[PDB]
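Working notes, structure below.
Ideal geometry is used to build each Cβ from the backbone, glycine not excepted, and the neighbour counts take in all protein chains shown. None of the figures in this text is laboratory data; all of them are computed from the coordinates on show.
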Amino acid sequence: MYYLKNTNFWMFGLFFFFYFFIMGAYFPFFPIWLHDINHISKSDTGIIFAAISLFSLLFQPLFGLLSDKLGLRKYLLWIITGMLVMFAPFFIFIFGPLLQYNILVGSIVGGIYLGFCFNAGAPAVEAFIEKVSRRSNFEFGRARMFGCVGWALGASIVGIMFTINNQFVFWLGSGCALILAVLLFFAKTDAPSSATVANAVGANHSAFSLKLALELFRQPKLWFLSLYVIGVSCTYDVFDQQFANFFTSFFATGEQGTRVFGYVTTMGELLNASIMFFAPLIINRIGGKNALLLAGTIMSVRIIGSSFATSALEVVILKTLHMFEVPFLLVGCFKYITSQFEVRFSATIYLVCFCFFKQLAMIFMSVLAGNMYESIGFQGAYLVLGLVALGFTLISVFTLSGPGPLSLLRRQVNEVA
Ligand SMILES: OC[C@H]1O[C@@H](S[C@@H]2O[C@H](CO)[C@H](O)[C@H](O)[C@H]2O)[C@H](O)[C@@H](O)[C@H]1O
């Protein structure tokens, strides 16, 4: 219909679709790539990943602030497709070497740029396309749902095709990407048609600063939210970032190990939907403060649930749990801010609580972990994380902010209205 007939919807609705392919392959492929293909150790991964964060810390913000000065100008988005496109050449020829010839520290730092095109770029493409939705009429609401397919599909084809010829996967990741990427730029949207002239008129913006900041640190709830996020995402994320290779110990063969993974991730998002569809009700019904906990608990159990694991089928069950925590954390982390936080603070919150304060820890924990793995084995270290994990989730229960602060209904009218 009008949301399926128009130029831009189709065009970008695709752009979404083919982002995930490349992301798809990229993410899982990565750990596995390193292993089977780059005989990578923990020290190396640990840093590889961790490092990545640094640029997920120092690259993305400047990159989102540039999104405004740019307004709805495609300039930067191209700077994305550009670097994405040499995905195959870059990876095969750059990391491989810097790494394989025996020179790790540089292959990481120096590789976490075409590599940045998938952390910031996400909120990137997720953003721009969003402003284009306000210009045409149909919400990124159905654009992400359309683009998410590519994620499902790719992953599957990833495992399969991967082991058969990883050299290949990149080819089709970066190929369909580029070709279609550029294909989708020649057809765009430039000027208004009743949708206001100035870029500062339709999407509007938000702001942050020292006082805002200086005020947040004054608050105690930041301290107690951060602990949560920081403690628990750091932990959990580090875990999931190298959890794969472990999953891959459990199979008849490496070739089939990999496969299952693609299946899972893929079969996952279909669980993602089912959940989130209820997420809001569930949450509201429940409560921010709770949403998170339940989320963190799960995670804990998904970790501790790995030091006591032996079967491959038993790992299947442990992954799944990933998708149980997604919705709830996103949703909760989101509605808990809005619920115990003055709206003028969101932007600052993310910036300070999730961009300068999350990403930071990972750079450290990751390495800690990597090391713990090499020097103590997967499951062994886990008791450390998962424990710490649950230990921090527990404290949050007994210490996060009131499920119903000193005026829940009044502000719960604030979220509704
Ligand atoms: O990274 C691709 C996936 O991103 C998440 S949202 C994203 O998740 C990472 C962990 O991978 C961090 O928590 C970030 O802060 C967060 O923004 C989506 O939900 C998935 O479907 C993938 O698109």
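Subtracting the Cα-Cα distance of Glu374 and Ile395 from their residue separation scaled by 0.36 nm leaves 4.6 nm.
Students often forget the sequence filter, so: which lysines lie under 20 Å Cα-Cα from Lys74 once same-chain residues fewer than 8 apart are removed? Counting by Cα, and skipping residues close in sequence, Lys74 has these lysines nearby: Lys131, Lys188.
Please list the three semi-axes, largest first and in whole Å, of the ellipsoid equivalent to the chain, using sqrt of 5 times the eigenvalues of its alpha carbon gyration tensor.
Over the Cα atoms of the chain, the ellipsoid semi-axes are 32, 30, 21 Å.
The fraction of all Cα pairs in the stretch 14-158 landing in successive 10 Å bins from 0 to the largest distance is 11, 38, 34, 14, 3, 0, given as whole percents. Between the stretch 235-312 and the stretch 396-417, the C-alpha centres lie 28 angstrom from each other. Model label sites at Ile160 and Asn102, defined 7 Å from Cα along the beta-carbon direction, differ in position by 4.1 nm.
Simple rule: put +1 on each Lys or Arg Cβ and -1 on each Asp or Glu Cβ in the chain, find the dipole, and look at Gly96, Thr45, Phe9; the Cα lying farthest toward the positive end is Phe9. Select from the chain the helices, each a whole stretch of DSSP H, whose alpha-carbon atoms run 24 Å or more along the helix axis and whose Kyte-Doolittle mean is at least -1.0; answer none if there are none. Span-like helices, by this rule, are 7-38, 140-164, 166-185, 254-276, 288-307, 312-340, 358-376, 378-399.
What does the net charge come to around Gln242 if you take all other residues with beta carbon closer than 12 Å to its beta carbon, with K and R at +1 and D and E at -1? Show your work: numbers first, answer last.
Numbers: positive: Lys42; negative: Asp44, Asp237, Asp240, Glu374.
My count for the surroundings of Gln242 gives -3.
With charges set only on the Cβ (+1 for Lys and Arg, -1 for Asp and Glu), what does the dipole of the chain come to about its Cα centre, in debye to the nearest 20?
Details: 24 positive and 17 negative charges, 247 e Å.
Charge dipole of the chain: 1180 debye, to the nearest 20.
Pull out the extension gain between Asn414 and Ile92, defined as 0.36 nm times the separation in residues minus the alpha carbon to alpha carbon distance; nm, one decimal. Don't skip to the end; give the middle numbers.
On the way: separation 322, 0.36 × 322 = 115.92 nm, distance 5.17 nm.
Here the answer is 110.8 nm.
Cα centroids of the stretch 9-60 and the stretch 164-194: 17 Å apart. To the nearest 0.05, how large is the calculated FRET efficiency for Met145 and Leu227 if R₀ is 45 Å and r is the Cβ-Cβ distance? After rounding, the FRET efficiency stands at 0.85.
Per the Kirkwood treatment, what hydrodynamic radius in Å, one decimal, follows for the stretch 188-340 from the mean inverse distance over all distinct Cα pairs? All intermediate terms of the calculation are to be shown ahead of the outcome.
Working: mean 1/r = 0.0539 Å⁻¹.
For the stretch 188-340, the Kirkwood estimate is 18.5 Å.
Modelled this way, with points 7 Å down the Cα-to-C-beta line, the labels at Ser311 and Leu214 are 6.1 nm from one another. Entry note, the chain: the mean residue ellipticity at 222 nm calculated from DSSP H runs of n ≥ 4, each adding -39500 (n - 2.57), is -24000 deg cm²/dmol after division by the residues and rounding to the nearest 500. Exposure proxy ranking for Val315, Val367, based on other Cβ atoms within 10 angstrom of each Cβ and starting from the fewest, stands as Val367, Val315. Among the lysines of the stretch 206-417, pairs that are 8 or more positions apart or on different chains and have alpha carbons within less than 20 Å of each other number 7.
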